[PDB]
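Below is one structure, written out as structure tokens; comments come after it.
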2 protein chains.
Amino acid sequence: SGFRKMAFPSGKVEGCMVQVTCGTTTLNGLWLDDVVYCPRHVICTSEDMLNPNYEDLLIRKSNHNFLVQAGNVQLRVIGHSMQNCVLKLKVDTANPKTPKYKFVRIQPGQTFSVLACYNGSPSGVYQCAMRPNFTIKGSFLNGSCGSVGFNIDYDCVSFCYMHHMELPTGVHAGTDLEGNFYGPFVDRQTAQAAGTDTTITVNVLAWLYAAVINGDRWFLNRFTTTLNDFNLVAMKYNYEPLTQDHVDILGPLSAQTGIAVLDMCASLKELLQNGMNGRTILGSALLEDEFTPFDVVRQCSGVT
Amino acid sequence: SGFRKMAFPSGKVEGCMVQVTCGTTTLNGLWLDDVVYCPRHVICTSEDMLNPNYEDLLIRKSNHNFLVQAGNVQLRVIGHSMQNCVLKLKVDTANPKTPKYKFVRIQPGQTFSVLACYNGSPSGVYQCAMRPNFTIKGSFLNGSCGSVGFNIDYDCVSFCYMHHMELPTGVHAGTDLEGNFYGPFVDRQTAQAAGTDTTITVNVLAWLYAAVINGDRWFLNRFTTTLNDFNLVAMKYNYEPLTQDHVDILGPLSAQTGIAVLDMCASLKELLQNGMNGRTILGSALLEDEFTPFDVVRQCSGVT
Ligand SMILES: CN(C)c1ccc(N(Cc2cscn2)C(=O)Cn2nnc3ccccc32)cc1
Ligand SMILES: CN(C)c1ccc(N(Cc2cscn2)C(=O)Cn2nnc3ccccc32)cc1
């Protein structure tokens, strides 16, 4: 029993982190096989970031201008290319610690672990979610760029995020491992404001199921609702619309607890309308939305 | 910017996890050098746990009755001994992945990361704190026993906790790596109730400092207090008494923000008396107490 915001064990990703320096800029890179992936803004000075022309800036860079250090050993760069907003630095040595891996582009509402790094060294690991506005609420300082987000399915690491920037509002933006930003963000230090950070309804419901499984049941009421009625309330509270696809995904949690998905929706509707009244659910005074239904099953079943 | 409940990178501890089976009981062990540490209740059946005589149960066990598997390879047990509530199984092979390590016994209020494991395989990593009542609020299922808690100082892992049990209230109890339980708990399935789970005041203040550093300042008021006046309020709210030692520990955060420790105490006093009024601090609707002042500095400075 007990329910925690749990990250994946980070070891497989730690063995991939390297330091990439270009000129006076140093950030992190991800070394998989004989390729090091890093944000393309490693070629920029702080001045360049205001209005960078990446193709033009990259012309002034050669393989020897990219310094890649894995631990305390230097890697030889034998090629470089820009793919969208990432650079791919081909090195002469395959990472001997390369885990089985995939590059995946996640959808909003999906969660992943971040291994925050500085100078190619891991500092910490935390769990977060791709917000519906395509930002993440991470913990990143200057030098954290190139830190990655990932999920693990037994022995395969699915890399889904690479850190690139912090918006003026303190929220974070980045790309998948093909260098495409999540959302409309660009790697330029300019006016970029995020859209509405709505609540991930399906994740809140999954977390209410986790609460029932772990003993917190005070919020279960005597009501039910329909998807349309629930969604009228969800819209009012800046919650994402719940679809039949989300109801289907919650099927296994509904089966385990014996609480119909629409009954849990009616409990959530009452929590939105009445508030918590100073009470807590799984040690939280707000409705948590960074656990997917798959995370709740994984944690409550002990998948390794 | 941004502030997350961050765990230490778990790789160094993943390389130490093994599966220990004795008879029909399987749990996790920690392999450091040529010794595997595990809860002594690996020798018990579920029936034995009601009233176990560990010395008597251990007489019926020989080295070959302890099956230790590291990955998919079996380790040879050449000795076994009981130290307090842990067994030390001497194996014929030193763990080649043994990191630099220390065994430390932490004080209540101190935080650490837990690598939750099942069958010797890591499932996840989360951050938690030793509560003032010597319980931890973890996420552990049957089979998680022997999972460890630790802190990392650059390359040295300080192991501080080994999981042994879940109390009937869903909270967790365990030992240090010398096998001594934290608090008054015993490894017997009997009536063991935890004392008051008070709030770790110094950690709440550290987290309010982290909030100020990360932009959340709405709760800063125009007041100050004294340690004695603050403590009269802290007692009323089941918060731990704040000492001059705690004020000294918050000195660096007070210096960085320019907010005197007693002024932050007065802000906390007002939050206790007035509540949050539906507002949040660092995305939380309650006052978080599982970040120490050292954690706030580490995270806000990017220590690797
Ligand atoms: C290459 N160069 C020196 C540089 C310099 C600054 C940035 N920016 C500015 C920027 C670009 S668009 C919006 N803001 C970053 O956002 C990088 N970054 N990422 N996470 C951070 C957390 C704290 C502080 C800085 C952080 C990128 C590159
Ligand atoms: C050896 N044997 C089969 C066994 C069987 C049961 C236990 N107990 C019972 C107990 C002893 S004192 C209070 N309760 C445990 O608490 C072990 N455990 N630890 N974390 C758990 C989380 C969920 C479920 C079980 C969990 C220990 C050993």
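Don't worry about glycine lacking a Cβ; one is built from the backbone with ideal geometry, like all the others, and counts go over all protein chains shown. Basis: the model, the stated rules and, where named, an outside source; none is laboratory data.
If you go through segment A:129-143 and keep only what is facing chain B (nearest Cβ under 7 Å) and either crowded, with 21+ Cβ neighbours inside 10 Å or in contact with a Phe, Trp or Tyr (Cβ under 6 Å, 6 or more places away or on another chain) (or both), you end up with A:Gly138, A:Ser139, A:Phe140, A:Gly143. Look through A:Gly251, A:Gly215 and report the one residue that is free of Cβ contacts under 8 Å to residues at least 12 places away in the same chain and either farther than 20 Å from A:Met130 by Cα or aromatic (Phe, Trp, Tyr) (or both). After ruling out the rest, the residue left standing is A:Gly251.
For segment A:1-57, a tally of residues being touching a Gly at 6+ places or on another chain (Cβ under 6 Å) and within 16 Å of ligand 2 (Cβ to nearest atom) returns 3. Of all residues in segment B:203-230, how many are in contact with a strand residue (DSSP E or B) (Cβ under 6 Å, 6 or more places away or on another chain) and not acidic (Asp, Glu)? Of the residues in that region, 1 qualify.
Might you let me know whether segment B:155-165 holds any residue that is on the phi > 0 side of the Ramachandran plot, surrounded by fewer than 19 Cβ atoms within 10 Å (Cβ to Cβ) and more than 16 Å from ligand 2 (Cβ to nearest atom)? Within segment B:155-165, not a single residue is on the phi > 0 side of the Ramachandran plot, surrounded by fewer than 19 Cβ atoms within 10 Å (Cβ to Cβ) and more than 16 Å from ligand 2 (Cβ to nearest atom). Among the residues of segment B:19-47, those that are within 14 Å of chain A (Cβ to nearest Cβ) and within 20 Å of the chain's Cα centre (by Cα) comprise B:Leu27, B:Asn28.
Are any residues in segment B:59-76 farther than 24 Å from B:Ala94 by Cα and within 16 Å of ligand 2 (Cβ to nearest atom), and if so, which ones? Don't jump to the end; show me each part of the working.
Start the filter on segment B:59-76 by keeping residues that are farther than 24 Å from B:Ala94 by Cα, which leaves B:59-60.
Once the filter is applied, which keeps residues that are farther than 24 Å from B:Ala94 by Cα and within 16 Å of ligand 2 (Cβ to nearest atom), segment B:59-76 yields only B:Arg60.
Against the conditions (1) crowded, with 16+ Cβ neighbours inside 10 Å; (2) closer than 14 Å to B:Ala116 by Cβ, B:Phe185 satisfies every one except (2).
How about segment A:131-168: which of its residues are among the hydroxyl-bearing types (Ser, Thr, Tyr) and within 20 Å of A:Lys100 (Cα to Cα)? Correct list: A:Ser147, A:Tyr154, A:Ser158, A:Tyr161.
Only one entry of B:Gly109, B:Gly183 meets the criterion of being away from ligand 2 (no atom under 16 Å from the Cβ) and not aromatic (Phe, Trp, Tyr), and that entry is B:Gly109. Only residues that are more than 22 Å from A:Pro241 (Cβ to Cβ) and not assigned by CATH to the domain that holds A:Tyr239 were counted in segment A:168-219, giving 23.
Here's a check for you: in segment A:94-104, which residue that is out of contact with any strand residue (DSSP E or B) (no Cβ under 6 Å at 6 or more places or on another chain) and exposed (fewer than 14 other Cβ atoms within 10 Å of the Cβ) is nearest to A:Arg40 (Cα to Cα)?
A:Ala94
Looking across segment A:203-216 at every residue that is out of contact with any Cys (no Cβ under 9 Å at 6 or more places or on another chain) and within 15 Å of A:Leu286 (Cα to Cα), the one that is surrounded by the most Cβ atoms within 10 Å (Cβ to Cβ) is identified as A:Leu208. Checking each residue in segment A:246-304 for being in a loop (DSSP other than H, G, I, E, B) and aromatic (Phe, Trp, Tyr) picks out only A:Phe291. When B:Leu262, B:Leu287 are checked against the criterion of being within 14 Å of chain A (Cβ to nearest Cβ) and either over 10 Å from B:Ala206 (Cβ atoms) or among the small types (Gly, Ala, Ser) (or both), B:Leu287 stands alone in meeting it.
Can you tell me how many residues in segment A:46-73 are loosely packed, with under 13 Cβ neighbours inside 10 Å and of a type outside the set (A, V, I, L, M, F, W, C)?
Of segment A:46-73, the ones loosely packed, with under 13 Cβ neighbours inside 10 Å are A:46-47, A:50-51, A:53, A:55-56, A:59-60, A:62, A:64, A:71-73.
Remaining after also requiring of a type outside the set (A, V, I, L, M, F, W, C): A:46-47, A:51, A:53, A:55-56, A:60, A:62, A:64, A:71-72.
Selection size over segment A:46-73: 11.
Residues that are touching a strand residue (DSSP E or B) at 6+ places or on another chain (Cβ under 6 Å) and either within 16 Å of ligand 2 (Cβ to nearest atom) or within 14 Å of chain B (Cβ to nearest Cβ) (or both) within segment A:186-202 comprise just one, A:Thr199.
If you go through segment B:146-172, how many residues are within 12 Å of another protein chain (Cβ to nearest Cβ) and in contact with a strand residue (DSSP E or B) (Cβ under 8 Å, 6 or more places away or on another chain)? Result for segment B:146-172: 10.
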